[PDB]
Amino acid sequence: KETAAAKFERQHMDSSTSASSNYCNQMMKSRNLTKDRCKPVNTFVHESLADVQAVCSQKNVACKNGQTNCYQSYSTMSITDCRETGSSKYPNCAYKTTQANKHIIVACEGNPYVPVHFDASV
């Protein structure tokens, strides 16, 4: 079974790139986020895996779902938000690529204590 930790790295990690207009169209497809449907919104983090994992030891904040296992990065991180276009129709999923530098909020669980969900950017 794909583990929640591995699923987080597939959905949300892209250390290879520091911060193109095609990027979300390419990445949402290559990371298998358009296989069953167009995933409507998704964020990629352009930091090292160790720096993102380290967020699980940073500022504890409420998750949007009311769970207590979310963490906010003390430093800003390079991210890309992918947002499905009005005109996008499965299977030809189309996205708007937006670069930002924001604090990330991730949910962490397990032993080792690692990110399993991307909750928000602020």
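The residues of chain A that appear here are 27-45, 48-150 by Swiss-Prot count, in order.
So this one's X-ray crystallography, 1.3 Å, going by the header.
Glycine residues also receive a Cβ, built from the backbone N, Cα and C atoms like all the rest.
Among the features that Swiss-Prot reports, active site, proton acceptor is placed at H38. Contacts of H38 (active site, proton acceptor) defined by a Cβ separation under 8 A and a same-chain sequence distance of 6+ are given as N70, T71, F72, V73, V80, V134, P143, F146, in order along the sequence.
If you look up Swiss-Prot, you'll see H145 marked as active site, proton donor. Sequence-distant contacts of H145 (active site, proton donor), defined as residues of its own chain at least six apart whose C-beta falls under 8 angstroms from its C-beta, comprise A30, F34, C91, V134, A135.
If you take the C-beta of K33 (substrate binding site) and look for same-chain residues 6 or more apart in sequence within under 8 angstroms, you find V144. Secondary structure from DSSP puts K33 (substrate binding site) in a helix. Here Swiss-Prot flags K33, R36, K67, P68, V69, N70, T71, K92, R111 as substrate binding site.
Around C52 (disulfide bond), the same-chain residues at least 6 positions away in sequence with a Cβ under 8 Å from its Cβ are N70, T108, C110, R111, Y123, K124, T125. Taken from Swiss-Prot, the feature disulfide bond covers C52-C110 (among others).
Cβ environment of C66 (disulfide bond): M56, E112, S116, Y118, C121, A122 lie under 8 Å away, each six or more residues apart in the same chain. Marked as disulfide bond by Swiss-Prot: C66-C121 (among others).
Here Swiss-Prot flags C84-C136 (among others) as disulfide bond. Neighbour density for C84 (disulfide bond): within 10 A of its CB lie 20 other CB atoms from the protein chains shown.
DSSP classifies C91 (disulfide bond) as coil under the three-state reduction. Using a 10 Å Cβ-Cβ cutoff, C91 (disulfide bond) registers 16 neighbours. Taken from Swiss-Prot, the feature disulfide bond covers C91-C98 (among others), and the record attributes it to experimental evidence.
Under the DSSP three-state reduction, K27 (glycation site) is assigned to coil, being neither helix nor strand. Look at Swiss-Prot and you will find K27 (among others) tagged as glycation site.
According to Swiss-Prot, the feature glycation site maps to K33 (among others).
Feature annotation from Swiss-Prot assigns N-linked glycosylation site to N60. For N60 (N-linked glycosylation site), the count of additional Cβ atoms within 10 Å of its Cβ stands at 13 [all protein chains shown]. Secondary structure from DSSP puts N60 (N-linked glycosylation site) in coil.
Under the heading glycation site, Swiss-Prot lists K63 (among others). Within the same chain, no residue at least 6 positions away in sequence has its Cβ under 8 Å from that of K63 (glycation site).
The feature glycation site is assigned by Swiss-Prot to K67 (among others). Counting only same-chain residues at least 6 apart in sequence, those with a Cβ under 8 Å from the Cβ of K67 (substrate binding site) are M56, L61, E112, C121.
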Near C98 (disulfide bond), which of the recorded positions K27, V69, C84 can be found within 10 Å, Cα to Cα? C84
Across the 2 residues that the deposited model omits, what is the distance in Å between the Cα of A45 and that of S48? 9
